[PDB]
Amino acid sequence: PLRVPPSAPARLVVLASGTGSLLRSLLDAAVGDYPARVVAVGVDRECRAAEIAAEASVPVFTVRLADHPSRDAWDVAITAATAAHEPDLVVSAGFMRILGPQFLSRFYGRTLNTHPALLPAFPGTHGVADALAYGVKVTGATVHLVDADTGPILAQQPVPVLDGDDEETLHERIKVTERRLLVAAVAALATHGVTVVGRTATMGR
Amino acid sequence: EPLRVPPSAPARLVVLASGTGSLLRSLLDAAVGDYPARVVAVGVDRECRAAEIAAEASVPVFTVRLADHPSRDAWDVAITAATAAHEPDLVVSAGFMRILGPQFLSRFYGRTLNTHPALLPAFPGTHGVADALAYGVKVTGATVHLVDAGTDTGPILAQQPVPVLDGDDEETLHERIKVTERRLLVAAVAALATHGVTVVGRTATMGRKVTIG
Ligand SMILES: [Mg+2]
């Protein structure tokens with residue numbers, strides 16, 4: 001079984017490819033007595049997340065797939081760059097590349113993703129549209145461990161579907177909850193650690 | 001064409017049951033004072049605690065047994081006639097151990113309600129609680145939905161989430177869900193009676209209040 005010990009005060013690396021809205025919430029939370037700090041942000045392209053990091057005086061590293069001869073070579077480089085910061089936890093919810101086997105060898109159990117549905121319902125890139133089309137009244141957000149997207153679930157929180165929602169309005173309501181849930185899960189993992197038996201992840205004492 | 005079920009308050013409710021009648025008890029407890037429906041009859045297909053509970057509350061009980069008819073279709077005609085005889089506005093069949101047939105649904109689709117101890121479409125079937133626990137979800141819940149020709153597939157009327165706590169076993173989680181499930185059904189019956197519902201595609205939308213007010 002997977003055992004990840006507590007790491008508070010924890011070092012967090014955020015991997016990002018996009019607008020950095022989640023990074024904003026992490027940076028805002030990760031101050032004072034919050035049990036982690038964002039020590040670095042890694043990106044694979046120019047993006048607003050890199051700008052948000054730099055504005056917060058957080059080091060930014062860039063590892064572009066295009067700068068390496070193969071995905072295996074890129075995997076080694078991003079693993080080395082991330083490991084260089086000695087992270088206890090990695091958030092890759094906003095990262096738009098698949099993390100490879102070298103990265104997972106080092107960071108499985110410590111790498112977190114989010115999804116805008118209550119997994120296992122509505123998996124994939126269109127989970128919000130799919131939930132809306134199905135006519136559910138409750139959807140939600142999931143934080144789960146990254147693996148080789150059905151990794152062990154760390155945390156979930158429900159979100160209502162309101163009569164007359166479109167994809168954009170529902171997705172935005174879910175994203176609001178996703179940010180809070182991720183911030184809470186990072187803190188819990190830092191302070192409590194996690195153990196995984198079967199596919200069930202349990203926060204420690 | 002959207003299916004439109006108009007308001008029916010003060011509504012007549014028929015409950016179809018085969019078991020211990022826990023949901024029936026919740027409905028009988030709720031259907032007092034200003035509650036916008038009353039249980040007018042309970043239909044069963046066998047001797048069961050639900051039938052005893054109804055009688056104890058002075059509610060008529062009707063019995064339509066599979067064995068008393070020459071075919072499933074004959075039984076379907078009989079239970080449809082028996083249910084319709086009570087002029088119900090709504091039918092609850094969550095505790096009923098028979099698939100309702102096409103004759104019944106021809107009359108009562110849109111007015112017949114079931115419940116499920118998961119947030120459909122997750123964890124369908126008779127092991128929804130055990131399966132949610134084994135999968136390691138942190139949020140499950142209860143669903144009220146319209147009965148149709150499938151199982152666990154009809155338009156969703158209401159849902160409410162229920163947390164999964166560290167150390168839960170199937171029975172502890174199921175207790176937590178069942179409490180929410182019965183309440184959700186009682187609330188959905190009241191909303192349907194007062195406001196009606198419209199179904200477009202597979203999306204069911206309750207009617208809205210006409211004043212704040
Ligand atoms: Mg059911």
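Ligands are counted one by one from 1 in listed order, and the atoms in each one are counted from 1 as well. In the text below, chain A, chain B and the rest are named by the order of the sequence lines, each starting its count at 1. Only heavy atoms go into these numbers, but all of them, side chains included; no hydrogens, no water, no symmetry mates.
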Student: Any sub-3.5 Å donor-acceptor pair from B/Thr143's side-chain atoms to B/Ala118's backbone N or O?
Tutor: yes
Student: Heavy-atom count around B/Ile99 CD1 within 6.0 Å, excluding the residue itself: above 12?
Tutor: no
Student: CG of A/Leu99 to OH of A/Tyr108: how many Å apart, nearest 0.5 Å?
Tutor: 13.5 Å
Student: Could you grab the protein N, O or S atoms closer than 2.8 Å to the Mg ion (ligand 1) for me?
Tutor: B/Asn114 OD1, B/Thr115 O
Student: Hey, is CE on B/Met97 packed in by over 12 heavy atoms from elsewhere, all under 6.0 Å?
Tutor: yes
Student: May I ask you to check whether over 12 heavy atoms, not counting those of A/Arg3, lie within 6.0 Å of atom CZ?
Tutor: no
Student: Could B/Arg72 and B/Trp75 be counted as a cation-pi pair, given that NZ or CZ must be under 6.0 Å from the ring centre and within 45° of the axis?
Tutor: yes
